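Observations on chain architecture
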Amino acid sequence: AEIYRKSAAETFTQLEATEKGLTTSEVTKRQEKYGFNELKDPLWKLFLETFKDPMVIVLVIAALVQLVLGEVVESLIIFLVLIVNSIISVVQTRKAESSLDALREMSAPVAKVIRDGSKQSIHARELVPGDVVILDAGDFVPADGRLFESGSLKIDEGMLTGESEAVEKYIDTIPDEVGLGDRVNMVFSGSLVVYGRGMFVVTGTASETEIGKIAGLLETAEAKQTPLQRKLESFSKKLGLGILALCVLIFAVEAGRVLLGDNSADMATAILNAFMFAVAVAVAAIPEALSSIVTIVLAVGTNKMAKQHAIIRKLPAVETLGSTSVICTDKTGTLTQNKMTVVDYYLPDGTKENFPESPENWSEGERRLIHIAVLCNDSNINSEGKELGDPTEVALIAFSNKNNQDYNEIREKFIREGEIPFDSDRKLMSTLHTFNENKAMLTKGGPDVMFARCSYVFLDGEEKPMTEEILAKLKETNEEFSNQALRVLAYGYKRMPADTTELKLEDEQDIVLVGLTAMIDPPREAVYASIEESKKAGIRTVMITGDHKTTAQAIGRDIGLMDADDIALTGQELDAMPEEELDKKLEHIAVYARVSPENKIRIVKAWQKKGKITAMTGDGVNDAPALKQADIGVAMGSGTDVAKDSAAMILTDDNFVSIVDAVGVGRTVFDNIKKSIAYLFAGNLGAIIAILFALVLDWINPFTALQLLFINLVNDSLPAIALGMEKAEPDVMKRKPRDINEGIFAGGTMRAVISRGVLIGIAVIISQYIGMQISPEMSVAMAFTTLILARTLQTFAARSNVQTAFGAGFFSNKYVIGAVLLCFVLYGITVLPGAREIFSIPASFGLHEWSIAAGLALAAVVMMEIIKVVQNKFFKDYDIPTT
Ligand SMILES: CCCCCCCC/C=C\CCCCCCCC(=O)OC[C@H](COP(=O)(O)OCC[N+](C)(C)C)OC(=O)CCCCCCC/C=C\CCCCCCCC
Ligand SMILES: CCCCCCCC/C=C\CCCCCCCC(=O)O[C@H](COC(=O)CCCCCCC/C=C/CCCCCCCC)COP(=O)(O)OCC[N+](C)(C)C
Ligand code: BEF
Ligand SMILES: [Mg+2]
């Protein structure tokens, strides 16, 4: 933090310390100022905040009224569903608290400090600003500080930039302001030293470090409300107000009837009927099993994602994946596989589009290029498949193995007879080999230092290079590779005296050049198709990487996010933009490059500020704040534990196409939830229509609270779940993300609910009337029969809004068939001689009256299918039915 622009001396005078260390008294004094070098809503009376839900208020009042009326067991049943669904909400809030853990067991446990004039190892938590720390290879950087002594020091800063490659450190003052990854004279707590010796003065400990800033970012990330959760809140308020209006109307009708009517009835009988009708409508309108059924449908979605090795922690998260509009992705490790890979090559004697795959189909230039790439390196791959060596060198033996040439056969056939190690100030490596009684020296390295030592080229024979069209073409192709962000290596050999047994450093001149290679961190194979798949779904994909701008533009230009000559925003350029300017430039970036961990969480917050449900995919500590802040965080299975604990879905097999698949799965989840809710309320609406009609005509209440509770809880639970198991619709994933403000009955579902409900109600009204011709008790049995059987049979009509049961496949959904058969068993249980008076079914209720009621239910469901088929064959633009 602006320390890297100062010299070591200025930083020393700022911390009031020298390079010979601190004394014990000064260290104790600074420990009181700074503290030790370490990091550091939920409450179970929230069970009371579950009682702010209107449906809960309605059911609590209905339960108390029934308590007063003497209906105790149905009051107890209501209290059971209340207690249960409340704990269904508490289990959704409690687990999110262990996501607020910030488990940093990756901090360094030891510090190698100079104190009192003596080098000693201390607990790293005891470090303080001004301490002089020594770094050696394999040590973990214990605190942030400014280097003042470096001996070829190289550190892995993959926790801040996402790149596991070691960066070289230098003690020089950085004159200009550069991004966080390019702070060459700064070391950061949490990183791992790879090579060299170092010595730095601590400038930051505890939460005043870059990793401490990451911990603070994780802390501030607060959970969002789910789109389904918002839709259900708004609908619950509407249902509560409506029910309150119906109850006021019930008391109004009862009071006007006793006031402006026949004196026969009592005030007591009228007030009791008013209460019974109000409680009946209250229970009938509320789908008491809704949150439970929704949980089961969500579970089916998360299991379908689990078969693809995508483990979703929270159940509602799968539905949120369906409403995704922006997918922010990290590059290294996420879009790619963090695997250096040969992608292009150049041979002067003919370059092909792709390198051939038969080792015997190759040209002599191709076989010599492969032999030099394999024999001039020390990397290896064992039988298990573990890679050992520099990833640049493992890229070459992986290239040979990819093209059906086992690198081991070449290492076994040509043995190493002498080597020159790779020098830093002489980026070059040579090995000595005997090729069919001819000794040769193989040599490889970067084109800049290799062209200066090449005096021959391998075209047809061994030929001297002319500057025009040979060296100029080589430099043309090298800089063309650099424009595409490719690491280039030049290869060559030298025929050697047959008496040589060792290589000398004076023998690395007049080399015969063979060819060139170009390697990059390539995207995953499924990335191209997934990005196109998400574009068809109305999903914007943004790339947020800590890698360099050139690499981040080359990729992204390759995966279909950037056209040629499109620029990527940098963390340096981003930190200088205020939020208002970023709000106006946010929708026109596609790639951010070389960003800090705070930049990612800032972009994700900005996209959420646009109102978009955002997903963030990542694999490292630099993504963790953005993974926790995002609406849905997806971590790579091969990523760090910090990002996995911060994410909501984890791709165990690193299968990138799972993300888009999750969106597709999520979309069908919500579609099926909509189906189930529409199925549930269509039944409730039919019940309300039957009760209110019985009210305005002064009939007996067609239903009992115990009957309504039994239908809404036991009979209608399996059919709603079965509707939850419905196949994905054909044109899903061709659709745009749903609006968050969209209602839960939007898009023809409201029309479907009212049509099916009115039909069920008319069926119950006619059924109750027919039963009313015998006795009031017979009318209750027939109204209950028609209601429960029309709700059972409606499942066929509720499977789809645009397709009859016979059309989709009458047996295409086997869970619906089993559900209807099981509900028939339920209705049969209600008429068993023991449970008849329980369900208010008189002894005289026979197969004749049952036949009439069941026929009415079946006729109503046939009318639902007829109305649907007329609506979708003749009014198919905006589906609306008539007849
Ligand atoms: C094995 C593979 C199939 C699995 C699925 C189904 C399995 C479930 C079957 C049974 C479960 C146990 C229920 C059995 C006991 C009930 C039968 C019964 O005890 O019956 C006798 C009574 C009355 O007998 P009664 O009138 O002679 O005496 C009248 C004289 N008095 C007035 C003096 C009484 O009857 C009544 O209570 C009327 C009760 C009728 C029960 C029918 C239940 C079927 C449910 C749905 C059918 C689908 C409807 C489709 C539309 C049909 C259009 C017509
Ligand atoms: C079914 C019929 C229902 C009708 C009955 C009506 C009464 C029901 C009332 C309470 C039921 C008690 C069961 C609570 C579940 C355990 C809570 C839990 O386990 O959470 C606690 C979580 O702590 C917290 O974070 C703070 C929240 C504390 C919860 C306090 C709950 C206390 C309940 C008080 C009821 C007050 C009524 C007093 C009446 C006295 C009249 C005689 C347990 O933390 P811990 O320290 O024990 O160990 C933790 C070890 N770790 C974290 C590794 C798992
Ligand atoms: F690993 Be990411 F590209 F920062
Ligand atoms: Mg990464």
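- As summarised from the PDB record, the model derives from X-ray crystallography at a stated resolution of 3.0000 Å.

- As recorded by the PDB entry, the protein chain carries the name Calcium-transporting ATPase and is attributed to Listeria monocytogenes.
- UniProt, in its Sequence similarities (unreviewed entry) section for the protein chain, records the words "Belongs to the cation transport ATPase (P-type) (TC 3.A.3) family. Type IIA subfamily."

1. Some words on the packing of helix α24 (residues 657-696) against helix α27 (residues 749-772)
- Orientation of α24 relative to α27, taken along the N-to-C sense of each, is 40°, at an axis distance of 7 Å. Considering only the axes of α24 and α27, their crossing is right-handed. Facing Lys674, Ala678, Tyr679, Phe681, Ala682, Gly683, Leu685, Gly686, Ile689, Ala690, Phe693 and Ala694 of α24, the residues of α27 in contact are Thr749, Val753, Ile754, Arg756, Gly757, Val758, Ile760, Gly761, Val764, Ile765 and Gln768.
- Classifying every residue of the contact of α24 with α27 gives 15 nonpolar, 6 polar and 2 charged.

2. Topic: the pattern of salt bridges
- One pass over the structure, following the stated rule, counts 43 salt bridges.
- With its nearest N and O atoms 2.7 Å apart, the salt bridge here joins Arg367 to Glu364. Note that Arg367 and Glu364 are positioned in helix α12 (residues 364-375) at a spacing of 3 residues, about one turn of the helix.
- Taking relative accessible area as the criterion, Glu364 reaches 33% and is therefore assigned partly exposed.
- For the salt bridge of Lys610 with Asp583, the shortest nitrogen-to-oxygen distance reads 3.8 Å. Of this pair, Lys610 sits in the loop between α21 (597-609) and β23 (614-618) while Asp583 sits in helix α20 (residues 579-585); the two residues are 27 residues apart in sequence, bridging distant segments of the chain.

3. Looking at the coordination of the magnesium ion (ligand 4)
- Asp330 (OD), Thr332 (O) and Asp619 (OD) make up the full set of protein donors to the magnesium ion (ligand 4), lying at 2.0 Å.
- Between consecutive donor residues of the magnesium ion (ligand 4), the sequence gaps follow D-x1-T-x286-D. For the residue pair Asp330 and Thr332, the accessibility class agrees, reading buried in each case.

4. Observations concerning the side chain of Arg836
- Mapped onto the fold, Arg836 is located in the loop between α30 (814-830) and α31 (847-874).
- The buried charged residue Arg836 lacks any salt bridge, with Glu849 as its nearest oppositely charged partner at 7.9 Å.

5. Section: a negative patch on the surface
- Taken together, the side chains of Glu97, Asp101, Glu105 and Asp645 present a region of like negative charge at the surface.
- Structurally, the position occupied by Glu97 is in the loop between α4 (72-94) and β1 (110-115).
- Residue classification places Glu97 among the partly exposed positions, given a relative accessible area of 34%.

6. A closer look at unusual backbone geometry
- Phi angles above zero are rare outside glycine, and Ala102 is one such case at about 55°.
- With respect to the helices, strands and loops of the structure, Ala102 is situated in the loop between α4 and β1.
- In this structure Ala102 comes out as partly exposed when scored by relative accessible area, which is 41%.
- Backbone geometry places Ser152, a non-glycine residue, at a positive phi of 50°.
- If you trace the backbone, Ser152 turns up in strand β4 (residues 144-156).

Reading the values: the criteria
- Residues numbered from 1 in each chain as written, not as in the entry; some residues may be left out.
- Chains lettered and ligands numbered in written order.
- Heavy atoms only, no water.
- UniProt positions renumbered as here; feature names shortened; annotations may be inferred.
- Axes fitted to C-alpha atoms, helices over the stretch in contact; angles between N-to-C directions.
- Helix = DSSP H or I, 4+ residues; strand = E, 2+ residues; numbered from the N terminus.
- Left-handed = near helix turned anticlockwise from the far one by under 90°.
- Contact = heavy atoms within 4.5 Å.
- Nonpolar A, V, L, I, M, F, W, Y, C, P; charged D, E, K, R; others polar.
- Salt bridge = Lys/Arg side-chain N within 4 Å of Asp/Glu carboxyl O.
- Buried < 20%, exposed > 50% of the residue type's maximum accessible area, 1.4 Å probe, protein only.
- Donors = N, O, S within 2.8 Å, 3.2 Å for Na, K, Ca; no water.
- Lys, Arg positive; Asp, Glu negative; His and termini not counted.
- Patch = residues over 30% accessible without salt bridge, like charges linked within 9 Å, V, L, I, M, F, W, Y side chains within 5 Å.
- Areas by Shrake-Rupley, 256 points an atom, 1.4 Å probe, with all protein chains shown as cover.
- Charge placed at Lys NZ, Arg CZ, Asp CG, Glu CD.

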